[PDB]
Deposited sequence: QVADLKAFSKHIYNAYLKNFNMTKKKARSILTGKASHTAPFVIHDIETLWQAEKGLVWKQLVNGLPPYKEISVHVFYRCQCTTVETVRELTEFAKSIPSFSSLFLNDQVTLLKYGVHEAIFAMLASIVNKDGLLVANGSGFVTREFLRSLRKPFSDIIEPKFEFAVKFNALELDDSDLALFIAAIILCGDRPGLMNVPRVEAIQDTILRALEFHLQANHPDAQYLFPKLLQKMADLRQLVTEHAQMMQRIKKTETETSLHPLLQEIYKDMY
């Protein structure tokens, strides 16, 4: 219980040091950003009011490129976050990459819930708010990509986790010993079990009255697996049917499996 109070605080610092957008910062904004709800307001957002990119093609593809850019920026933040966990950094560099490779999207979808409400999501570091309605209005198969992440984000936010809960949840997602090609599995498993025990102790103190919060959270991790799988499946469809669209090499690398 004592080594676990310490551990949790250490991770919460790695979290606060490395992510530009916390749930605390986001909730206070969501309760002014510039609302992007159509082409005119998107054009206005670009021209200064909110914001290099691959050459212009069309609006649904443009949004698709901005999602990729945001995804990459978050992979960096997550990379720096993980490295800030001493036990992570003491793994072999090839194992670090394996964990990140299979972990990042699950983590990204987990953190998305922080910047989301029923109506849309905060973009460009809180400067803008893209409406969910506008994202459904994009042509197929681009409209299909973001919609399930929303569905998930609403159900997730109902658990009312704060940044210190998320810190440990994210760390658990990344330091997960079931990843294929993992070199030193027992070690990764050991570190995970510590994170999970820490998370669980932390949930008791931080949420005294919330029942079943820990097992519900574990189920959320299973859900994120299904989410990422379904994401990968859709990116295959874009790579095949939308050959004119281009995918950032780092995402190509991740989606490869």
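K.L.:
Return the ranges of the deposited sequence not covered by C-alpha coordinates, sorted by sequence position.
P.N.:
No C-alpha for residues 1, 33-38, 59-63, 270-271.
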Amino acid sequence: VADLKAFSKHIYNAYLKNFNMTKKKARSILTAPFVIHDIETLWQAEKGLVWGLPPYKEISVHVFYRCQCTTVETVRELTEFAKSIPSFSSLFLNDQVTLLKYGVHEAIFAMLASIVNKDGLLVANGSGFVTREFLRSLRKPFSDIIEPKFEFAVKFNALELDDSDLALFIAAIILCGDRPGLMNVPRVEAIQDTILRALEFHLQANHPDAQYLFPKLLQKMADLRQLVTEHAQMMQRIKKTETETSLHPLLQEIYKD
From here on, numbers count along this sequence of modelled residues.
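The term rigid core refers to the maximal set of C-alpha atoms that superpose within 1.5 Å between the two forms.
K.L.:
Could you tell me which of the two stretches, 146-154 or 85-93, has its Cα atoms lying farther from the shown structure in 7 other deposited structures of this protein after fitting on the rigid core?
P.N.:
Higher root mean square deviation of C-alphas in 7 other deposited structures of this protein is shown by 85-93.
K.L.:
Please tell me which region, 53-61 or 196-204, has C-alphas lying farther from the displayed form on average in 7 other deposited structures of this protein, with superposition done on the core.
P.N.:
Clearly, after the core fit, the stretch farther away in 7 other deposited structures of this protein is 53-61.
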